[PDB]
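Protein chains in written order, with my numbering: chain A, 845 to 1058; chain B, 6 to 240; chain C, 1064 to 1342; chain D, 91 to 130; chain E, 91 to 130. Yeah, the Cβ is synthetic: ideal placement off N, Cα and C, and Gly gets one too. Right, one structure below, let's go through it.
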Amino acid sequence: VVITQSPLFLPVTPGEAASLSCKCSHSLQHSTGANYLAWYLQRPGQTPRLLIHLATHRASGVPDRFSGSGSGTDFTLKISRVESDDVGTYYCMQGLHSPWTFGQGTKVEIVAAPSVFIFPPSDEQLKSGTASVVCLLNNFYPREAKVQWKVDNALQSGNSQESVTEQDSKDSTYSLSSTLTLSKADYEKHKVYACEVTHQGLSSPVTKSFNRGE
Amino acid sequence: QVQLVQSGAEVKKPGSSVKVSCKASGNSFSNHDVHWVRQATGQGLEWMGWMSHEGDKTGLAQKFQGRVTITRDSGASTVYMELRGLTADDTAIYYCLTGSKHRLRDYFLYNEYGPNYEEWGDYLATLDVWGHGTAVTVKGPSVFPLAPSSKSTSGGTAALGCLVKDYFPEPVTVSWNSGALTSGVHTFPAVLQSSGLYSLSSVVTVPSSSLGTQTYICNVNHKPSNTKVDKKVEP
Amino acid sequence: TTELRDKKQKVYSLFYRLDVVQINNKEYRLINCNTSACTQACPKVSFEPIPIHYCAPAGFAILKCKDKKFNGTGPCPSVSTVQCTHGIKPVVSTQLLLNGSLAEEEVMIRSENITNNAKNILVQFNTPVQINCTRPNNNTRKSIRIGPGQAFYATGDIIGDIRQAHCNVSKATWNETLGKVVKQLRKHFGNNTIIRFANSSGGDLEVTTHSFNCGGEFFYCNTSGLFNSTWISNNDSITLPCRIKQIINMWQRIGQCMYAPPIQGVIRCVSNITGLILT
Amino acid sequence: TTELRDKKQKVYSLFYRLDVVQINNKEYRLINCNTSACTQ
Amino acid sequence: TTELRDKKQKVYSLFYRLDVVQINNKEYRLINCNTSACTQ
C-alpha cells in the first residue's frame, strides 16, 4: 500500500488557486461507500491541523477555500486564493488499510540576488587552534543558491557547512550562511579567502574575499 | 477541547529504550482512541501505532513491529509508548493524539440456527487533538564575534553576528541586546558537524551609521549545559 | 434475513401498539417474546365457525328436553330423544354471546346459584339483537420472504377511510331487550329493588373489552356504551369503539401464542347477540 | 460450517451444471433452493 | 447466547472433569459432542 503526493514543492502566487494530488496504489473506498482519506496542514512550528476528512468533508472551522474531492485511488485538495497562513506542508493520510499511513507531503510556499558578506575568523577563535570563515547570503529569492569556497583560488570541499532560514514573512526571502572550517595551521599557510556565490538573480557569480591579516 | 499532557524531553543513548507517557483531561482516553505519531526535524509525519478507547485493539506500523509497546493503566488514566533499540534515526518529537473510528462490519453471513457470524473491523476516521510532543534525542558552545567590517558593509548597512560553535545537544537560543533588537536578525538552524557537535550562527543587519554609537551584544543560552553567554561584537 | 443466508435486507412493516412494547426513533419488542414463541396462522385456513353435531355410540342415547321452561336443573315434563344434537357453531367470544340459539316464551335466567354472588348468571334472548361491526381500512399485505422457503405476511400500507374500527348497535332494540331481562331479574330479587348495569372491573384486556371473532381479525370493543343503565323499583344507535390486535391468547393458555395474518380489503362481519354473561 | 461451532473451514466439491445455476469465478446456486428444501 | 438472539452473554458454570476434555486458562469440550447430541 503506497501513497504518492504530487507535486513535492508548490510555489503559489498570492490569491491564485492551488491543486494537490494524493494517489494510492489501492482503493481507499470501503464497501459502505466512504473514502478514508484525510488532508492535514502543518505550518512551521505547529502541530498538524485537519483540513478534510472522509475525502470531501471540511473539518470544523476550516475556511471554505479548502475543498477535497476524489474517490478510489485518486484524491485532490484545492486551495483557492492562497495566503501566507496556508504556507506549510500538506499531508494526506489513508485510513482504510491497516497499518494506516501518511503521505510524504507537499510543501507549499508563497527575483532577488543575495547581498553577500564575509567574516574572517576571530582572534579569540584562532587562539584555540581553529579558523572558521563565515559567508552570509542575505535576502534572496528563489531559495536555490550555491556557495563555493576558494582558498588562494583553490576549490574547497568537505570542510564547509551551510544553513538556510525559513522564508521571511514580510519580504518573502531566504538567507543562507556557509561556514568554512580549517585548522589554524592550514589557515596561516594561505592569503586569499573567498566565498563565490551563484544565484538566479546574478548574471555572473559574485566573489567576496579578504586577505589574511589585511 | 480536551488537553493532552506529555512527559518531558529525554536524551537517550543509542541502544537504550524510552517510555513516553500521555494523559488526557477528563480521562478522555477512556472514550477516544489514542494514536502515536513521530516527526524528525525537517521530515514528514510518521504514524507509529494506536489503541482503541475500548482497549480491545492495538496496532503498529510495519517499521515498529518488535520495537514498540503501547499500553495504558487501568481506567485508561495514562497511556504509554515504549520504543526500544534507539538509534540516531529515532531522534524526533513523539506526539500523543486522539482520533475517531468507524467500526464497520465487512464480512457477515446470517445463520438460521442461532446467532450469526460477525467480523467487525476498525477504520481510522480522523486525528483530533495533538499533544505538544515529547522531544527524544538519541558541551556548552564557544561564542565568537562575526565582526562588522568593510567586507560586511554596503549601501548604508552593515552585517555583524555571533558564531555559536561546538555544542551538544540541541537546543540553543540566541537574542540580541536582551531582545531589544529583532529587526533584521537571522538566526540560522544548527548544523551537525562530523565531530557530533552542533554549530550555528546568528547575524543582523544594522545601519552603518550606528556602529560608532550603538552597542551590539548577542545573548546565547544553552540550558543543557547551563551555559549563558553575552558577547559584545565590535567593529 | 431473507433466503440468501449471508446478507440481510432492511424492510418495514406496521404493528399495533397493543402488540409491541418499548424496550428499556425508539426500540420496541413483540410482546409475546417475553412469554413464549409465536406461530403464524396459515393464510389458507379460516376461523369461520361451522355447525357441529355430536353423536353418542351405540348403547348410549342423546336425550333432549323440549320444555320451554328450565331453571338450569330439575325434572322436565316434556322429554324427547334424538340421534344427534343440532348444529352448534363454535363461536369463541366473551361477555356477549354471538350466533347462538334463541329462547322461547320469556328471557331465560340460568345460574348455578342465584343467592351466591361468586357464580355467574346466563341470560338467553328471545329475539336476535343485530350488531354490525366494521374495519374501514383498505390495507395491503407486503408479504416478506423470511425463509428459507417459508413466507411471512407483514402489514403493507393503510389507506382509505382512516377511522377507528367500531360496532353499530340498534339502541331502542337494546333498551327494549334489556328491559325484558330486568323483568326476570325482578322476578328473582323482588318487586321493590333497583337494578344497575356497569362495565367490567378492568384488569386484563381480554375480560375487560369484548373479544369475538370476525373473519380472522380479532376485535376488542369497549362495551361501556352498552352496559350503562339503570332501572327503578317497580335512529337511535350506539357506536362501540374497538381495537385490533395481531397477538392474542386463546382459552387463556399461557406459554404459547399465535400470530394472525392481516386480511386485505375492507372487513364487515355480522352477528346477532343471543345471550349475555353477567356476574 | 463444521462441528466446531466457532471456526469454519473452506471446502470444495463437484456438482453437475444440471444441478446448479448462475446467480444474477462466478456465483452459482443449488437449483432446488428457489423451490423448496432438499434432503439427503 | 441467551433468549435475545442477537447479543451473547458471558456466564460461568461448574463441570466435572469426567464430563469435559481438553481441546488440543485452557480450552475444554463436553465429551458427548464428539459422539452425538446430548438431550437433557
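Under the rule that 16 or more other beta-carbon atoms within 10 Å means buried, what is residue i, buried or exposed?
i         : result
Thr933/A  : buried
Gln890/A  : exposed
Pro858/A  : exposed
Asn115/E  : exposed
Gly912/A  : buried
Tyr1018/A : buried
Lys28/B   : buried
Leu104/E  : exposed
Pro1153/C : exposed
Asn122/D  : exposed
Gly1002/A : exposed
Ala989/A  : buried
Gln1315/C : exposed
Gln1309/C : buried
CA-CA distance, residue i and residue j?
i              : j         : result
residue 1098/A : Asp38/B   : This structure cannot speak to residue 1098/A, because chain A is shown only from 845 to 1058.
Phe149/B       : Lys994/A  : 22 Å
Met1321/C      : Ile1307/C : 14 Å
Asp127/B       : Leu109/B  : 7 Å
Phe984/A       : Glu953/A  : 15 Å
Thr950/A       : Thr920/A  : 12 Å
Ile1207/C      : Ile1311/C : 22 Å
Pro964/A       : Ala998/A  : 18 Å
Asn1179/C      : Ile1336/C : 26 Å
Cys1118/C      : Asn1231/C : 38 Å
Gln1319/C      : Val1155/C : 18 Å
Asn1162/C      : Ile1115/C : 13 Å
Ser1004/A      : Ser1022/A : 7 Å
residue 1037/C : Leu1303/C : Outside the displayed range of chain C (1064 to 1342) lies residue 1037/C, so it cannot be described from this structure.
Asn1255/C      : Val1192/C : 28 Å
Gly189/B       : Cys101/B  : 37 Å
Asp133/B       : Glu1032/A : 59 Å
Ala152/B       : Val977/A  : 11 Å
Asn1276/C      : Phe1282/C : 7 Å
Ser207/B       : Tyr172/B  : 15 Å
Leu205/B       : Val926/A  : 33 Å
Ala97/B        : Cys868/A  : 27 Å
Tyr85/B        : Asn1055/A : 59 Å
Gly184/B       : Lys106/B  : 47 Å
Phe1188/C      : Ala1235/C : 15 Å
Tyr106/D       : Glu117/D  : 14 Å
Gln1044/A      : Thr192/B  : 24 Å
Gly947/A       : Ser871/A  : 15 Å
Start and end of the beta strand (DSSP E) containing residue i?
i         : result
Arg1249/C : Here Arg1249/C belongs to no beta strand (DSSP E); instead the alpha helix (DSSP H) covers 1234 to 1249.
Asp918/A  : 918 to 923
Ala862/A  : 862 to 868
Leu1093/C : 1091 to 1093
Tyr1018/A : 1018 to 1027
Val84/B   : 84 to 88
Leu895/A  : 893 to 897
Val931/A  : No beta strand (DSSP E) holds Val931/A; DSSP gives it neither H nor E.
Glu953/A  : 950 to 953
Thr1337/C : 1333 to 1341
What first and last residue would you give for the alpha helix (DSSP H) that runs through residue i?
i             : result
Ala882/A      : Note, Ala882/A: premise wrong, no alpha helix (DSSP H); beta strand (DSSP E) at 881 to 886.
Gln969/A      : 967 to 971
residue 324/B : As shown, chain B starts at 6 and ends at 240. That puts residue 324/B outside it, with no answer to give.
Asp133/B      : Taken as a continuous stretch (DSSP letters only), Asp133/B belongs to no alpha helix (DSSP H), being part of the beta strand (DSSP E) at 129 to 135.
For the ligand ZN, is there any heavy atom lying closer than 7 Å to the beta carbon of residue i?
i         : result
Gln1213/C : This structure lacks the ligand ZN; in fact it carries no ligand of any kind.
Inset, instruction - Select from the segment 1200 to 1222 of chain C all residues with a C-beta closer than 8 Å to any C-beta belonging to chain D, and list them in chain order. - result: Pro1211, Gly1212
Inset, instruction - May I ask you to list, following chain order, the residues of the segment 108 to 133 of chain B that have a beta carbon less than 9 Å from some beta carbon of chain C? - result: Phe113, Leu114, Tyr115, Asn116, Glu117, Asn121
Legend entry - Residues, ordered as in the chain, of the segment 93 to 106 of chain E that lie near chain B by beta-carbon distance below 7 Å: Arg95, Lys98
Legend entry - Contacting positions in the segment 975 to 989 of chain A - beta carbon closer than 9 Å to chain B: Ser976, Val978, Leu980, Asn982, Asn983
Inset, instruction - Closer than 8 Å, Cβ to Cβ, to anything on chain B: give me those residues from the segment 886 to 919 of chain A, in chain order. - result: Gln886, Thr891, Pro892, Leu894, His897, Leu898, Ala903
Inset, instruction - Take every Cβ of the segment 72 to 88 of chain B, pair it with every Cβ of the segment 110 to 129 of chain B, and state whether three or more of those distances are shorter than 8 Å. - result: no
Legend entry - Contacting positions in the segment 937 to 949 of chain A - beta carbon closer than 7 Å to chain B: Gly939, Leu940, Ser942, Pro943, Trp944, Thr945, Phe946, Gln948, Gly949
Inset, instruction - Evaluate contact between the segment 1042 to 1051 of chain A and the segment 55 to 72 of chain B, counting only Cβ atoms and requiring at least three cross-stretch pairs below 8 Å. - result: no
Legend entry - Three-pair Cβ contact test at 8 Å for the segment 1159 to 1176 of chain C versus the segment 1238 to 1249 of chain C: yes
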